[PDB]
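Colleague: Please find the sequence and an experimentally derived structure below.
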Amino acid sequence: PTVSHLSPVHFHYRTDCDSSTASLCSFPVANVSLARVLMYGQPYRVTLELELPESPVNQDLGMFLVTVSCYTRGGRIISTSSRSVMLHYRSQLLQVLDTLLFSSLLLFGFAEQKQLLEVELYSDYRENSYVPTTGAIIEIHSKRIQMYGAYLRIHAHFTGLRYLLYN
Amino acid sequence: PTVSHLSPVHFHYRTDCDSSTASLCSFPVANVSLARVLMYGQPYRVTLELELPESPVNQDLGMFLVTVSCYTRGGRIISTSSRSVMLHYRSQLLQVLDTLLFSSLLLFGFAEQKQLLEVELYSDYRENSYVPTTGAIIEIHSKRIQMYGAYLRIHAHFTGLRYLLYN
Amino acid sequence: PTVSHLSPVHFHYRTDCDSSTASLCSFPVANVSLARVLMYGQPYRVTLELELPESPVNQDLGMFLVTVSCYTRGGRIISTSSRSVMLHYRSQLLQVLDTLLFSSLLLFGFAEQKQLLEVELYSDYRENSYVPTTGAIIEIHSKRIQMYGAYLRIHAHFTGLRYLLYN
Amino acid sequence: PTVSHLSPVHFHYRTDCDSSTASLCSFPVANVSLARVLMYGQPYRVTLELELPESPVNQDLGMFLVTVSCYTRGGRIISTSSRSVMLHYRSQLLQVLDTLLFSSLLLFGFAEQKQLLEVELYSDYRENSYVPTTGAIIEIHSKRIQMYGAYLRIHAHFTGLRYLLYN
Amino acid sequence: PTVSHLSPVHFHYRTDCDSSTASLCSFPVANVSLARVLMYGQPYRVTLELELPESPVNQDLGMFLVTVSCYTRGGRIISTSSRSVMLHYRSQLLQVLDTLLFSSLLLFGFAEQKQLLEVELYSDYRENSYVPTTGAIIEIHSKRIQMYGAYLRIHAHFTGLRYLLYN
Amino acid sequence: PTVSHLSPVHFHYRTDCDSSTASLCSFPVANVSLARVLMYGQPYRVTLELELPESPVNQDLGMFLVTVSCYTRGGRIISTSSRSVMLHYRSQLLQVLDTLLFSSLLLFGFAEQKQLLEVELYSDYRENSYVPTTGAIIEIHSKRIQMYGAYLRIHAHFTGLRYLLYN
Amino acid sequence: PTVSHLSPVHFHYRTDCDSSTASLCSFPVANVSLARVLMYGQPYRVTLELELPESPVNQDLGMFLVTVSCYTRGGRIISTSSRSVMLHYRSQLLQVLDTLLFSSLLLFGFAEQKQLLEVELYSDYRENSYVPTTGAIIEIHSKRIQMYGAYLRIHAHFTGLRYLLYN
Amino acid sequence: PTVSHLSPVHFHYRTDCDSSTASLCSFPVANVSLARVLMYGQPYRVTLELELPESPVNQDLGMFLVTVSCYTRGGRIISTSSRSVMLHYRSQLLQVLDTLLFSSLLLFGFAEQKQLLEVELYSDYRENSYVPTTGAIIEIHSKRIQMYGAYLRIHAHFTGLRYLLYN
Amino acid sequence: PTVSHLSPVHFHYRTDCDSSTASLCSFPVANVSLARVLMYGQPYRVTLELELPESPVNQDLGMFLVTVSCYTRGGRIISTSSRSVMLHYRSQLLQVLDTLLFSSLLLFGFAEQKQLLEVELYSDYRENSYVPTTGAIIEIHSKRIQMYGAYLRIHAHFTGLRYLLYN
Amino acid sequence: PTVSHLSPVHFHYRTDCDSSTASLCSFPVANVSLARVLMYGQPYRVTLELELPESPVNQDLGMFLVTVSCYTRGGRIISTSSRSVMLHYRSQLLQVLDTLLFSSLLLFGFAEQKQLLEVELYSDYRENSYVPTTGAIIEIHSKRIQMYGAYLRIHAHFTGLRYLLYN
Amino acid sequence: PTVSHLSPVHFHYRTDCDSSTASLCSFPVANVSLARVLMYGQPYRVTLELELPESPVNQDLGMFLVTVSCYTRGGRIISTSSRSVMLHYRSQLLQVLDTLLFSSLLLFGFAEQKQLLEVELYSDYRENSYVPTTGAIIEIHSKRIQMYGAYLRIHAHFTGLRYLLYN
């Protein structure tokens, strides 16, 4: 075991526009409930492992800002952060080679044509005694992103040489 | 056996517009009657397994919101939930490979070019003594979705070692 | 033998508009006379097996609503029902494989490129002592549905072990 | 021999319009003289076997309505009927396969690329003592149909096991 | 020999229009002089064998009406008749196969790419004592019908067993 | 020798328009001097053998009317006649097969890609004692015909079985 | 030797327009000096052998009129004549075969892709005692005729057995 | 180890425009905090290693300007610099060869289709006694630069024989 | 040697227009100084050998008039002449065969894709005692010609059988 | 060692236009500090070796003027110069052959698809005792040039036979 | 050695306009200093060897004018000349063959795809005692000429047998 918890992010968005294309109405957003893993003074790592398929719409998407806004039990925004993430580029021939050689896994469902993007919104987050962390608002500032789901993973920074096992 | 009840969902919608395109008129909606499997205190898992073909119109559909609205015998809404689901991406070469190597099943009807999307609208649902669950309203906020049918599956969350049989 | 009667449906529709396209003029509707297979209390299964060719126009058709309206000898409407049906998708590579390997049946007329859609408008139908069933109106809310014919098949729900004869 | 009479239908139509395309000016119609094969009480089968070539124009035609209107010696219309008919769909690969294998008949004139469509406008037509059947008006509500000719075939419904000989 | 006379039809038409296209200016028409083969009481078969090349312009022509108008020495119209005739369809692969296999005849002029259409305007024609048949007006209601020539062939209806000589 | 004379026709036409395309100003026409081959009472055959290349412009030409107008020494018109003619259709594959197998003649000039059309404007032309035949006016009612030349040929109709030698 | 003289024709034309196209400005024309070969009473043959390339511009040219206008030393026009000539049609496959097989002459300059068109303006020309022939005006009524040069050729009509030297 | 510190840059930008294109709303900008490695007198090399994928959007980008703006703890700007950088060009054939031969690394994630651009904004930087370096603002003056991340790498200019460890 | 002199022509022309295409401002012209080859009474041959490349712009050029205007030392124009010249046509297949088989000369510069056009402006030019020939003005009436240079080659006409040596 | 110094040029330019294409706001420019290599009286060679990739945008660039402006310590301009330079042309086949036969160097980074253009702005530059050279301004008058960097290289002109070592 | 001097030409031109195309802004010009090689009375050959790449833009350039304007020490213009020059045409097949066979030199830089054009502005130039030659102005009247450089070359016309050293 390890000192960590996963809070999957359930993005929702508005749907009242024309919607005559593959473009959503409003920017995806979400609340998350963090209600210990956090301890006073200790820095913690907060990331949003985000699951993007390699569908053609996503390749043409380009960069898009991602922001996280932590807050307290009373809703007060403790801190704000932002990072830019982009689906990694792979050439069309490379994709075909990847699809071919990994056919034995993709066909049986052991592998899938998706990318996990590790947007590290915090390399060192520390608990405040007078201001407790209770939940997070997470956003993906783009109306054309296609995604399956996202996890807000927290873990104590102290890992040592054992970090190599996560490769 | 399993302590569960499958309430198949029959989506209906309006049809009075011009309708000169594959796009429909109004947002698909449904009303399902849940009338025990539910018991007080016990958490329950509510999911809508959605049967989408891999037709080209669906691959270009993009993300689309799905919402479930539970309510009582008197119509009062107990709780409201929403999730976003999308048909999984598969490259054209992969599809040609899937269509070929699984031809022996598709041709004889043992397999079909369709995806079951497990929209989990409630990972832990529990019954209220003063507010009984009687029915649900289920929506798919898109005028371009093509679907065959949907089951609202409720199952007691206790799995334990029994997962080996459900895998 | 089986306790059933087949009431083939003969759709008719208006023809006075411009009609300069494969799209018809008005919504296909039909009337069918049910004049006993029905008995008080016993549940009955009412379905409309719909014969759709796999012609290209039908594959781009998309979903379309099919509604049934039962009524009495006096014309009073007993109940109203609706189910959405869609022609099953088959990739272009799959169709060519079907056309090829099943050529020996397609050419000699033993097989044809058509689909039967089992639109089950009623899984539990029962006769009412004060309201006798006499006939039904059946509709297919689409101006582009190419079809050959349809049967409204009623059958006693008691199957039990007898399903093996139907399998 | 059989108790039947064939009354070939000679469709004629107006031609004063622009006629700048392959679309006729007015709806095909016809009069036919049925002047016994009909006898009182017995129901009879009336069909219009319609000879449509498989030319590309006809495949894109889509559905079209065919109506038969019987009438007496005095011109009074006895009954009106309508059945929708469509040319059966065959894929381009299948047609090429049919053309290749059946070349030995198509080239020498023993076979032709045409479909006989059996519009059964009456499965049970009964003669009336006070109203004799004299003639019929037959229509094909489409300006884009291409056809060679049509027979209105009548025959006593009493066939029994002998019907298999018509296969 | 046989009791018959062939009166070749010389279709002529006006030409003072714009004529900037393959379409003619006015409807083809013709007079033909029949002045015996016709005798009182005996039925006669009157047909117009029409020589249409299988050119692309003719295949896209579609159906076209053909009318015949008999008349007396004084010009009085005896009877009027009309039929619809269409060039028989043949697929491009079939046409190529015919051109290839029957090349030996086409190249040396023994065969030609033309269809004889037997527009049978009268299956039973008889002479009237007080009204003699003198000549006929014939028409082809189309501005796009490419043709080489036409024979109006009359013949005694009595064939009987003699059809074997014509088979 | 034979009782015949040839009067080659020299068509001339106006040239004052824009002429920005392959379309001539006015309908080709001509005068021909017929001044014996003609004898009183005897009917004679008059034809115009017309030399048309198989150039693409001519294949798209379609039907065109050709008229002949005989006249006397004083210019008085004796008779008028008209026959429709059209270059015979030959498929592209047939032409390629012709160009190939007959290359040995076309290349060395012994054969040419031209068609002779025998417009038999008169199957029986009779000389009149009171009206002598002196000259002919000939026409081809089309502004798009491409032609090399034309012979007007007259010959006594008395041929008998010797006609086969002209094959 | 032969009783003949060649008077090469040198066409000239105007050049004042925009000339933004391969089409020329004005109709080609030319004078020629015939100043004996001509003798009184004797018929003579006057022809213009016209050297046209087989360039694409010429094949789309179509027919074009050619006229010759003889005149006297005083300029008085003795006689007027006109003929219509056209470059002979050769298919694209034939031209390629001509280019290939006759390469050995075309490449070394012994052959060239050109046609000599023998526009015979006079089959029988005779000299008049009171009116001497001095020169001729020659025209080619087209603005799109690409040509290298032209000879006007005269020769005594008497050929007889001497044609063997010209065949 | 070496006398150096890395200060990764986290660019953020506005997201309120239409954003219906791969172009971003505003110029990428960033703020980086440097709070020693810097010492008085000693020259230092400040560079921004920038991680650009080889995606087609970036190849068409063309030259873009990158600027750095150092400043103190109080915000006072110490020095301003600017260098223009561009992604290196590689032909489509070269890219395919790179993708092919280096497939064994790209597929397993050991290699990726990205370029590190060493924008050396300062070859000789030295600390000021009265003005301390605290942080730097960095920019990329282009709305279309797709990038993963960047490091502001500082290192003592003293290399000498130690370059062998960096080669 | 021979009694001749070559007076190379240097064409110069205006250049002040927009010149946004491959078309020149004004008609090429030039003066040439002829200052004995000429002798009184004797007719002489004057030609302009014109060096046109076979570039596509020249093949589509079509005909173009070329004129020479001789004049005296006083500028007085002695005589005026004109001829029409055109680059000889060579099919694309012929050019490819030429470029191939003559590659050994083209590559080494011994042969070049150019045509010398011998525009013979005077087959017999006679010197006048009272009017001496001094210089010439030579023109090429086209704004789209591409040329390298030109020689005005004069030579005594008396050649006899020796003319064959010039081949 | 050699009597020379290299002063790399760092072009900077404005960036506040629309910038919707691969074009820049203003002409590239730069200052450079030349602060001995220069000596009085001796003329010196000054050049700008310019590193241009062979990317397609640069090939379509065409010529572009380059200017150098020397100046003194006080900023006074000593001399001005300009030379036009252009990236060398290499055919598509040649580039592919180079990309292929030199793959072993391009892939490993030993070679790159770039061209060094040696714009020699001064073959003899002499130092003035009363006017010292201190710095230079260098420009590239094009908004579409793509370049990596430029060196302004100075070297004493006294080379002799040793110049061959620079090959 | 030889009595000659090469005065390389450095073309400069304006750059103020939009310049959004490969076409330059103003006519290329130059000024060259000629400051013995020239001696009184002796003829001299003055030429401009112009280095043009075979780039596609230059092939479509077409003919253009080049002029040289000599002048004295005081600027007085001594003589003006103009010769029209054009890049030599080479078919695409010839270029491909040239690129292939001469690849070994092009790849190593021993050969280049460029043409040296010798514009012989003067074949006989002589010095005037009262008017000395000091410099020249050279122009290339085209805004689309892509060029590398140009030498103005003078040489004593006396070659005689010495041409063998230059062949």
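Modeller: Yep, that arrived. Numbering: from 1, shown residues only, chains lettered A, B, ... in the order given.

Colleague: hey, let's count contacts and neighbours off CA atoms from now on
Modeller: OK.

Colleague: Find the centremost residue of chain A, please.
Modeller: Centroid-nearest residue in chain A: residue A:48, 2.7 Å away (criterion: C-alpha atoms, centre = their mean).

Colleague: What strand or helix carries that one?
Modeller: Element membership of residue A:48 [criterion: DSSP states H and E] is strand A:43-53.

Colleague: Do any residues in the lengthiest helix in chain A lie close to chain H?
Modeller: Determined from DSSP state H, the single longest helix within chain A is helix A:92-101. Yes. Interface with chain H: helix A:92-101 contributes A:93-94, A:98 (C-alpha under 8 Å from any C-alpha of the partner chain).

Colleague: Show residues contacting the helix or strand following that helix.
Modeller: Toward the C-terminus, helix A:92-101 is succeeded by helix A:103-106 as the next helix or strand (DSSP H and E). With contacts defined as C-alpha atoms under 8 Å, 6 or more residues apart in numbering or on different chains, helix A:103-106 is touched by A:99, A:111-113, B:94.

Colleague: Widest-spaced pair of the residues you listed?
Modeller: For the contacts of helix A:103-106, the farthest-apart pair by C-alpha to C-alpha is A:111 and B:94; their separation is 11.9 Å.

Colleague: Who has more neighbours out of the two?
Modeller: Comparing residue A:111 with residue B:94 by other C-alpha atoms under 10 Å in any protein chain shown, the one with more neighbours is residue B:94, at 19 against 13.

Colleague: Distance of that one relative to chain K?
Modeller: Note on residue B:94: its distance to chain K, by C-alpha to the nearest C-alpha, to the nearest Å, is 40 Å.

Colleague: Can you classify residue A:74 by secondary structure?
Modeller: coil (DSSP: H, G, I helix; E, B strand; the rest coil).

Colleague: how many neighbours does residue A:74 have?
Modeller: By other C-alpha under 10 Å, 11 other residues sit near residue A:74.

Colleague: check whether stretch A:4-23 contacts chain B.
Modeller: Yes. Applying C-alpha under 8 Å from any C-alpha, one finds stretch A:4-23 in contact with chain B at A:10-13, A:15, A:22-23.

Colleague: Go through the residues you listed and name the one nearest chain C.
Modeller: Checking the residues of stretch A:4-23 next to chain B against chain C by C-alpha to the nearest C-alpha gives residue A:22 as the nearest, at 17.5 Å.

Colleague: For chain A, which segments count as strands?
Modeller: A:4-9, A:29-33, A:43-53, A:64-71, A:79-85, A:114-126, A:135-140, A:149-156 (DSSP state E).

Colleague: among those, which is nearest chain F?
Modeller: Closest approach to chain F among the strands of chain A (C-alpha to the nearest C-alpha): strand A:43-53, 51.2 Å.

Colleague: which residues sit against that closest one?
Modeller: Defining contact as C-alpha under 8 Å, 6+ apart, one finds that strand A:43-53 is touched by A:38, A:58, A:87, A:113-127, A:146-157, B:88-89.

Colleague: now with 7 Å?
Modeller: If you take C-alpha atoms under 7 Å, 6 or more residues apart in numbering or on different chains as the criterion, strand A:43-53 is touched by A:113-126, A:146-157, B:89.

Colleague: With stretch A:137-144 instead?
Modeller: Contacts of stretch A:137-144 (C-alpha under 7 Å, 6+ apart): A:23-32, A:61, A:64-70, H:15.

Colleague: Now a PyMOL select for only the buried ones of those residues.
Modeller: Provided next is the PyMOL selection string for whichever of the contacts of stretch A:137-144 are buried by 16 or more other C-alpha atoms under 10 Å in any protein chain shown:
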select buried, chain A and resi 23+24+25+26+27+28+29+31+32+61+64+65+66+67+68+69+70
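
Colleague: okay, now the residue of chain A found nearest chain G: neighbour count?
Modeller: With C-alpha to the nearest C-alpha as the measure, residue A:93 is the residue of chain A nearest to chain G, at 41.2 Å. By other C-alpha under 10 Å, 13 other residues sit near residue A:93.

Colleague: how close does it get to chain F?
Modeller: Using C-alpha to the nearest C-alpha, residue A:93 is found at 41 Å from chain F.

Colleague: do the same with residue A:55
Modeller: According to C-alpha to the nearest C-alpha, residue A:55 and chain F sit 46 Å apart.

Colleague: does that residue really touch residue B:92, like I thought?
Modeller: No. Residue A:55 is not in contact with residue B:92 according to C-alpha atoms under 7 Å; the separation is 10.5 Å.

Colleague: re earlier: pull the CA coordinates from the longest helix of chain A and hand them back as CSV.
Modeller: Taking Å, rounded to 0.1, in the frame of the first residue of the first chain, the C-alpha atoms of helix A:92-101 are listed here in CSV:
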residue,chain,number,x,y,z
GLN,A,92,0.5,8.3,-39.7
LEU,A,93,3.0,5.6,-40.7
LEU,A,94,4.0,5.2,-37.0
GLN,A,95,0.3,4.8,-36.0
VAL,A,96,-0.2,2.1,-38.7
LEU,A,97,3.0,0.3,-37.5
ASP,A,98,1.8,0.7,-33.9
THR,A,99,-1.7,-0.6,-34.9
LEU,A,100,-0.2,-3.5,-36.8
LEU,A,101,2.4,-4.8,-34.4
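
Colleague: nearest residue to the residue in chain A that chain E sits nearest to other than its sequence neighbours?
Modeller: Nearest to chain E, among the residues of chain A, is residue A:96, at 36.5 Å (C-alpha to the nearest C-alpha). Closest residue in space to residue A:96, ignoring its immediate chain neighbours: residue B:93 at 7.4 Å, by C-alpha to C-alpha, 6 or more residues apart in numbering or on different chains.

Colleague: now residue A:16
Modeller: The shortest distance from residue A:16 to any non-neighbouring residue, by C-alpha to C-alpha, 6+ apart, is to residue A:25 (7.3 Å).
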